[PDB]
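*Asks:* My structure file run_39.cif, mmCIF, C-alpha atoms and all ligand atoms, is below:
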data_entry
#
loop_
_atom_site.label_atom_id
_atom_site.label_comp_id
_atom_site.auth_asym_id
_atom_site.auth_seq_id
_atom_site.Cartn_x
_atom_site.Cartn_y
_atom_site.Cartn_z
CA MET A 1 -14.25 104.51 54.66
CA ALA A 2 -16.61 107.34 53.81
CA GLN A 3 -19.26 105.16 55.40
CA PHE A 4 -16.92 104.85 58.38
CA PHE A 5 -16.84 108.61 59.00
CA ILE A 6 -20.53 109.24 58.27
CA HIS A 7 -21.04 107.86 61.78
CA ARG A 8 -17.96 109.32 63.52
CA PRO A 9 -18.17 113.03 62.71
CA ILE A 10 -16.15 113.86 65.83
CA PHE A 11 -13.30 111.69 64.56
CA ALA A 12 -13.33 113.50 61.20
CA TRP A 13 -13.44 116.86 62.98
CA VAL A 14 -10.38 115.78 64.95
CA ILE A 15 -8.51 114.77 61.81
CA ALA A 16 -9.25 118.13 60.20
CA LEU A 17 -8.23 120.03 63.33
CA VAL A 18 -4.96 118.10 63.63
CA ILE A 19 -4.11 118.86 60.00
CA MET A 20 -4.80 122.53 60.54
CA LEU A 21 -2.88 122.59 63.74
CA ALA A 22 0.18 121.09 62.06
CA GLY A 23 0.19 123.70 59.33
CA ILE A 24 -0.35 126.67 61.62
CA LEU A 25 2.61 125.49 63.64
CA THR A 26 4.60 124.96 60.41
CA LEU A 27 4.08 128.48 59.15
CA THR A 28 5.56 130.10 62.22
CA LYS A 29 8.98 128.66 61.54
CA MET A 30 8.82 128.61 57.74
CA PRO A 31 11.33 130.63 55.71
CA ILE A 32 9.96 133.24 53.32
CA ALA A 33 11.78 134.12 50.13
CA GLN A 34 11.00 135.58 46.75
CA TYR A 35 12.22 132.50 44.85
CA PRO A 36 13.85 129.26 45.94
CA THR A 37 17.60 128.86 45.92
CA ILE A 38 18.30 128.84 42.19
CA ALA A 39 21.68 130.41 41.36
CA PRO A 40 24.29 127.85 40.26
CA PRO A 41 27.75 127.81 41.84
CA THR A 42 30.45 130.14 40.58
CA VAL A 43 34.12 129.81 41.51
CA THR A 44 36.45 132.58 40.34
CA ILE A 45 40.24 132.31 40.04
CA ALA A 46 42.58 135.32 40.16
CA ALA A 47 46.31 135.60 39.41
CA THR A 48 48.81 138.35 38.58
CA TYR A 49 52.00 138.58 36.51
CA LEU B 867 27.13 128.30 77.02
CA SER B 868 26.34 131.84 78.20
CA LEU B 869 25.12 132.80 74.73
CA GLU B 870 23.02 129.64 74.47
CA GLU B 871 21.46 130.13 77.90
CA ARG B 872 18.92 132.78 76.90
CA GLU B 873 17.12 130.86 74.15
CA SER B 874 16.63 127.55 75.95
CA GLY B 875 14.42 128.48 78.87
CA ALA B 876 11.51 130.40 77.40
CA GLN B 877 10.08 127.83 74.99
CA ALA B 878 9.39 125.00 77.44
CA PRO B 879 5.89 125.83 78.79
CA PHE B 880 4.25 126.22 75.38
CA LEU B 881 4.91 122.60 74.42
CA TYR B 882 2.98 121.32 77.44
CA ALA B 883 -0.10 123.24 76.29
CA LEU B 884 0.38 122.03 72.75
CA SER B 885 0.59 118.46 74.00
CA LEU B 886 -2.51 118.92 76.13
CA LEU B 887 -4.59 120.09 73.18
CA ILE B 888 -3.49 117.19 70.99
CA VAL B 889 -4.20 114.70 73.78
CA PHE B 890 -7.69 116.11 74.10
CA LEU B 891 -8.31 115.83 70.36
CA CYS B 892 -7.13 112.23 70.15
CA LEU B 893 -9.20 111.31 73.19
CA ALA B 894 -12.27 112.98 71.70
CA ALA B 895 -11.80 111.02 68.48
CA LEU B 896 -11.32 107.82 70.49
CA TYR B 897 -14.50 108.29 72.54
CA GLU B 898 -16.60 109.95 69.82
CA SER B 899 -17.47 112.71 72.27
CA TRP B 900 -16.01 116.06 73.29
CA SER B 901 -16.87 115.53 76.97
CA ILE B 902 -15.28 112.32 78.26
CA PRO B 903 -11.68 113.33 77.46
CA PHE B 904 -11.97 115.76 80.37
CA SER B 905 -12.38 112.85 82.78
CA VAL B 906 -9.00 111.65 81.56
CA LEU B 907 -7.19 114.98 81.44
CA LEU B 908 -8.02 115.61 85.08
CA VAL B 909 -5.73 112.88 86.36
CA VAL B 910 -2.60 114.64 85.11
CA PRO B 911 -1.80 116.27 88.43
CA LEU B 912 -2.12 112.97 90.34
CA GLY B 913 1.13 111.75 88.62
CA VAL B 914 3.17 114.91 89.08
CA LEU C 482 -9.27 113.63 47.88
CA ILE C 483 -8.60 112.63 51.50
CA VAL C 484 -10.76 115.50 52.75
CA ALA C 485 -13.57 114.65 50.34
CA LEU C 486 -13.64 111.07 51.60
CA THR C 487 -13.40 111.85 55.34
CA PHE C 488 -14.43 115.36 56.39
CA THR C 489 -17.12 116.23 53.85
CA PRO C 490 -19.28 113.08 54.18
CA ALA C 491 -19.40 113.72 57.92
CA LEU C 492 -20.48 117.32 57.42
CA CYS C 493 -23.07 116.24 54.86
CA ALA C 494 -24.38 113.78 57.44
CA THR C 495 -24.47 116.36 60.25
CA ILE C 496 -24.83 119.89 58.91
CA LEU C 497 -27.42 119.47 56.18
CA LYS C 498 -31.01 119.41 57.39
CA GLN C 499 -33.80 117.23 55.99
CA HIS C 500 -36.59 119.38 54.62
CA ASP C 501 -37.53 118.96 50.98
CA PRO C 502 -41.40 118.18 51.38
CA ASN C 503 -44.40 119.80 49.71
CA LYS C 504 -45.15 121.76 52.89
CA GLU C 505 -42.67 124.62 52.55
CA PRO C 506 -43.04 127.36 49.93
CA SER C 507 -41.07 130.55 50.54
CA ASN C 508 -41.09 134.11 49.16
CA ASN C 509 -38.11 136.50 49.53
CA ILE C 510 -36.18 138.89 47.25
CA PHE C 511 -33.15 136.57 47.47
CA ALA C 512 -35.36 133.56 46.71
CA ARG C 513 -36.54 135.17 43.48
CA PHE C 514 -32.95 135.65 42.34
CA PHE C 515 -32.26 131.94 42.74
CA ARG C 516 -35.47 130.71 41.13
CA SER C 517 -34.69 132.83 38.07
CA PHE C 518 -31.13 131.49 37.99
CA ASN C 519 -32.37 127.92 38.19
CA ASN C 520 -34.80 128.52 35.34
CA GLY C 521 -32.01 130.04 33.27
CA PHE C 522 -29.72 127.09 33.87
CA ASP C 523 -32.51 124.66 32.97
CA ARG C 524 -32.93 126.53 29.69
CA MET C 525 -29.17 126.38 29.18
CA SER C 526 -29.08 122.64 29.81
CA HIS C 527 -31.90 121.97 27.36
CA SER C 528 -30.13 124.07 24.73
CA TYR C 529 -26.90 122.19 25.40
CA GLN C 530 -28.58 118.83 24.93
CA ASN C 531 -30.21 119.98 21.69
CA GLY C 532 -26.88 121.25 20.41
CA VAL C 533 -25.19 117.97 21.29
CA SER C 534 -27.76 116.11 19.26
CA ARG C 535 -27.37 118.45 16.31
CA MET C 536 -23.57 118.15 16.43
CA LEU C 537 -23.90 114.38 16.58
CA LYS C 538 -25.96 114.18 13.42
CA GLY C 539 -23.74 116.68 11.62
CA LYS C 540 -20.32 115.10 11.19
CA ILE C 541 -19.06 117.61 8.63
CA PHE C 542 -19.82 120.59 10.85
CA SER C 543 -18.09 118.96 13.82
CA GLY C 544 -15.00 117.95 11.89
CA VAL C 545 -14.70 121.38 10.29
CA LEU C 546 -14.96 123.25 13.57
CA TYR C 547 -12.43 120.87 15.03
CA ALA C 548 -9.97 121.30 12.20
CA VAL C 549 -10.34 125.08 12.34
CA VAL C 550 -9.62 125.23 16.03
CA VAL C 551 -6.53 123.07 15.62
CA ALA C 552 -5.25 125.23 12.76
CA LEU C 553 -5.75 128.43 14.73
CA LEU C 554 -4.01 126.82 17.70
CA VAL C 555 -1.00 126.01 15.52
CA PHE C 556 -0.90 129.46 13.94
CA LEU C 557 -1.15 131.24 17.28
CA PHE C 558 1.58 129.12 18.83
CA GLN C 559 3.76 130.23 15.94
CA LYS C 560 2.81 133.90 16.23
CA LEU C 561 3.03 134.52 19.99
CA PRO C 562 6.42 136.03 20.91
CA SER C 563 8.57 134.42 23.58
CA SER C 564 10.31 135.45 26.78
CA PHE C 565 11.63 133.97 30.02
CA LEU C 566 10.36 135.93 33.04
CA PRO C 567 8.41 139.21 33.15
CA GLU C 568 10.09 142.49 34.03
CA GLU C 569 9.17 144.20 37.29
CA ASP C 570 9.52 147.63 38.87
CA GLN C 571 11.94 146.91 41.70
CA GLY C 572 12.47 150.57 42.58
CA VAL C 573 16.17 150.92 41.76
CA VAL C 574 18.14 152.06 38.73
CA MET C 575 21.79 151.35 37.90
CA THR C 576 23.77 153.56 35.53
CA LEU C 577 26.96 152.44 33.80
CA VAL C 578 29.41 155.22 32.96
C1 LIG A 1001 -16.01 132.70 53.10
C2 LIG A 1001 -15.01 132.79 54.23
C3 LIG A 1001 -13.92 131.73 54.08
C4 LIG A 1001 -12.57 132.28 54.54
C5 LIG A 1001 -11.57 131.18 54.85
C6 LIG A 1001 -10.24 131.77 55.32
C7 LIG A 1001 -9.02 131.24 54.57
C8 LIG A 1001 -8.73 129.78 54.92
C9 LIG A 1001 -7.33 129.39 54.45
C10 LIG A 1001 -6.35 129.37 55.63
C11 LIG A 1001 -4.94 129.21 55.11
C12 LIG A 1001 -4.05 130.44 55.31
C13 LIG A 1001 -2.64 130.21 54.79
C14 LIG A 1001 -1.72 131.36 55.19
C15 LIG A 1001 -0.42 131.41 54.39
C16 LIG A 1001 0.25 132.77 54.50
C17 LIG A 1001 1.58 132.80 53.76
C18 LIG A 1001 2.56 133.75 54.39
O1 LIG A 1001 3.00 134.67 53.75
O2 LIG A 1001 3.00 133.59 55.76
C19 LIG A 1001 3.20 134.75 56.57
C20 LIG A 1001 3.26 134.42 58.05
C21 LIG A 1001 4.53 133.65 58.41
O3 LIG A 1001 5.62 134.52 58.76
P1 LIG A 1001 5.73 135.51 60.04
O4 LIG A 1001 5.32 136.89 59.58
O5 LIG A 1001 7.10 135.35 60.64
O6 LIG A 1001 4.62 135.00 61.09
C22 LIG A 1001 4.79 133.81 61.86
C23 LIG A 1001 4.89 134.15 63.33
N1 LIG A 1001 3.64 134.85 63.74
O7 LIG A 1001 2.09 133.67 58.39
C24 LIG A 1001 1.67 133.68 59.79
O8 LIG A 1001 1.66 134.70 60.46
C25 LIG A 1001 1.22 132.39 60.42
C26 LIG A 1001 -0.07 132.00 59.72
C27 LIG A 1001 -0.80 130.86 60.41
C28 LIG A 1001 -2.00 130.39 59.59
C29 LIG A 1001 -3.35 130.78 60.18
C30 LIG A 1001 -4.42 129.93 59.53
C31 LIG A 1001 -5.83 130.49 59.67
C32 LIG A 1001 -6.83 129.35 59.63
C33 LIG A 1001 -8.27 129.85 59.64
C34 LIG A 1001 -9.21 128.69 59.36
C35 LIG A 1001 -10.46 128.66 60.23
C36 LIG A 1001 -11.44 127.65 59.63
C37 LIG A 1001 -12.62 127.32 60.53
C38 LIG A 1001 -12.48 125.95 61.19
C39 LIG A 1001 -13.73 125.55 61.95
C40 LIG A 1001 -13.40 125.13 63.38
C41 LIG A 1001 -14.63 124.70 64.15
#
Would you give me this structure, written as structure tokens?

*Replies:*
Amino acid sequence: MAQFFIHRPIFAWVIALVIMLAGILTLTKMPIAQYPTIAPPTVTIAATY
Amino acid sequence: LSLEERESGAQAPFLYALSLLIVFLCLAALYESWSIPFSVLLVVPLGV
Amino acid sequence: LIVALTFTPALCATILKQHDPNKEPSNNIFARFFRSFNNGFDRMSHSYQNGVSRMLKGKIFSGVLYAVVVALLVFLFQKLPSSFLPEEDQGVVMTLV
């Protein structure tokens, strides 16, 4: 496999470029936060007498 | 649909260019050369 | 790992150039800084090998150093205080009255 690409450098360049292209496209629509969603659910009940 | 209308139209052209670049890359990998893929890309108008 | 097996062999085949003969000596200020560094690392490697031999023949020294490091590791893991998440300066203050 390494031997396979030693002779097809253009093919390896294409693989690298495709990877990079996918990630550049991914970043444009990626959400940015401070932390991931981490708070657990909380349900509160209220009643009056 | 009036609210939806605005977003739909603008994005379309960009995907064609994106597609064209990927087609070129896959062709270049297939032919082990950066040149020949042009001979293929040039036929695109013939279809349309 | 994927990159190392696909991209980097290709670049090693294409970007590196073959010239390690006797023909080419070179003098430059930058060149001097690398020849000195190579000599230093050769000295370091020889010293490392000699130390490895002398640690091999000395079992007591090795075992003692090893034991000491483990003991200090245990003691320090006891002594270090704990916490959850560091406190930041988020630019707001809340007062309770
Ligand atoms: C010794 C010199 C070596 C230097 C090497 C340089 C570093 C290489 C590493 C590249 C990886 C960069 C990863 C970036 C992550 C940034 C995280 C982040 O906070 O995202 C912010 C932002 C996304 O949010 P937003 O502000 O909405 O922008 C998107 C719409 N424009 O992000 C964005 O705006 C979108 C970002 C898109 C990513 C651009 C990637 C640049 C790739 C450059 C590589 C070129 C390599 C040469 C290849 C040879 C080709 C022949």

*Asks:* In Å to one decimal, how far is CA of residue 10 in chain A from CA of residue 880 in chain B?

*Replies:*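 Interatomic distance, CA of residue 880 in chain B to CA of residue 10 in chain A: 25.7 Å.
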
*Asks:* Go through A:13, A:35, A:4, A:49 one by one, measure the shortest atom-to-atom distance of each to chain B using only C-alpha atoms, and give the residue with the smallest value.

*Replies:*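 So, comparing all the options, the nearest one is A:13.
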
*Asks:* Compare A:31, A:38, A:21, A:47 by their minimum atom-to-atom distance to residue 891 in chain B, counting all atoms listed in the file, and give me the closest one.

*Replies:*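 For residue 891 in chain B, the nearest of the given residues is A:21.
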
*Asks:* With all atoms listed in the file as the counted atoms, please give the residues lying no more than 12 Å from range 909-913 of chain B, apart from itself and same-chain residues fewer than 3 positions off, as a list in words.

*Replies:*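 These residues fall inside the cut-off: residues 882, 886, 889, 903, 904, 905 and 906 of chain B.
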
*Asks:* Fewer than 4 positions away in the same chain doesn't count, so skip those; otherwise give me all residues within 10 Å of residue 898 in chain B, counting only C-alpha atoms, as a PDB file with C-alpha atoms, in the frame of the given file.

*Replies:*
ATOM      1  CA  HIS A   7     -21.040 107.860  61.780  1.00  0.00           C
ATOM      2  CA  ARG A   8     -17.960 109.320  63.520  1.00  0.00           C
ATOM      3  CA  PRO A   9     -18.170 113.030  62.710  1.00  0.00           C
ATOM      4  CA  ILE A  10     -16.150 113.860  65.830  1.00  0.00           C
ATOM      5  CA  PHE A  11     -13.300 111.690  64.560  1.00  0.00           C
ATOM      6  CA  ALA A  12     -13.330 113.500  61.200  1.00  0.00           C
ATOM      7  CA  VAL A  14     -10.380 115.780  64.950  1.00  0.00           C
TER       8      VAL A  14
ATOM      9  CA  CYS B 892      -7.130 112.230  70.150  1.00  0.00           C
ATOM     10  CA  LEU B 893      -9.200 111.310  73.190  1.00  0.00           C
ATOM     11  CA  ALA B 894     -12.270 112.980  71.700  1.00  0.00           C
ATOM     12  CA  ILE B 902     -15.280 112.320  78.260  1.00  0.00           C
ATOM     13  CA  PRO B 903     -11.680 113.330  77.460  1.00  0.00           C
TER      14      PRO B 903
END

*Asks:* May I ask you to extract the residues of chain C within 8 Å of chain A, using only C-alpha atoms, and to give them as a PyMOL selection string?

*Replies:* chain C and resi 486-488+490-492+494-495

*Asks:* Since we have the selection now, will you write its residues out, keeping C-alpha atoms, as a compact mmCIF listing (two decimals), keeping the file's coordinate frame?

*Replies:*
# COMPACT_ATOMS: atom_id res chain seq x y z
CA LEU C 486 -13.64 111.07 51.60
CA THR C 487 -13.40 111.85 55.34
CA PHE C 488 -14.43 115.36 56.39
CA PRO C 490 -19.28 113.08 54.18
CA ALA C 491 -19.40 113.72 57.92
CA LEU C 492 -20.48 117.32 57.42
CA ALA C 494 -24.38 113.78 57.44
CA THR C 495 -24.47 116.36 60.25

*Asks:* What does the distance between atom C12 of ligand LIG 1001 (chain A) and CA of residue 23 in chain A come to in Å, to one decimal place?

*Replies:*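 Spanning atom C12 of ligand LIG 1001 (chain A) to CA of residue 23 in chain A is a straight-line distance of 8.9 Å.
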
*Asks:* Counting all atoms listed in the file, name the residues that have an atom within 6 Å of an atom of ligand LIG 1001 (chain A); the answer should be given as a PyMOL selection string.

*Replies:* chain A and resi 24+27-28

*Asks:* Please report the interatomic distance between CA of residue 519 in chain C and CA of residue 507 in chain C in Å with one decimal.

*Replies:* 15.3 Å
